[PDB]
């Protein structure tokens, strides 16, 4: 599942939104964006799938490398930790558009 980074380039993250330019199935490419806040949660400071609204607990989001979302997130106790998640786990390039799967 996922693996968008293998067929996309010029990816960027601003806030909770990922943008990238991806290869289409029958040739050519397309630029699209997807909000990651709908599909990533913060759980005691760690980014996890199967949830939403990590941005309520996190700040300074960045794209590290070709597919990692990095951020500083608030733990249950209230202090922050550095955390990351590999977007290639579930963000795919479906015919030129970024999708969660």
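Numbering follows the first chain given and starts at 1.
Colleague: In terms of the CA temperature factor given in the entry, to which third of its chain does residue 94 belong: lowest, middle or highest?
Modeller: Answer is middle: the recorded C-alpha B-factor places it there.
Colleague: Splitting the chain's C-alpha B-factors into thirds, which one does residue 85 fall into?
Modeller: Middle third by C-alpha B-factor.
Colleague: Should residue 37 be placed in the lowest, middle or highest third of its chain by the C-alpha B factor in the entry?
Modeller: According to the entry, residue 37 has a C-alpha B-factor in the chain's lowest third.
Colleague: Using only modelled residues of the chain, where does the Cα B factor of residue 13 rank: lowest third, middle third or highest third?
Modeller: Middle third.
Colleague: Taking the values exactly as deposited, rank residue 64 by C-alpha B-factor within its chain and report the matching third: lowest, middle or highest.
Modeller: Its C-alpha B-factor belongs to the highest third of this chain's values.
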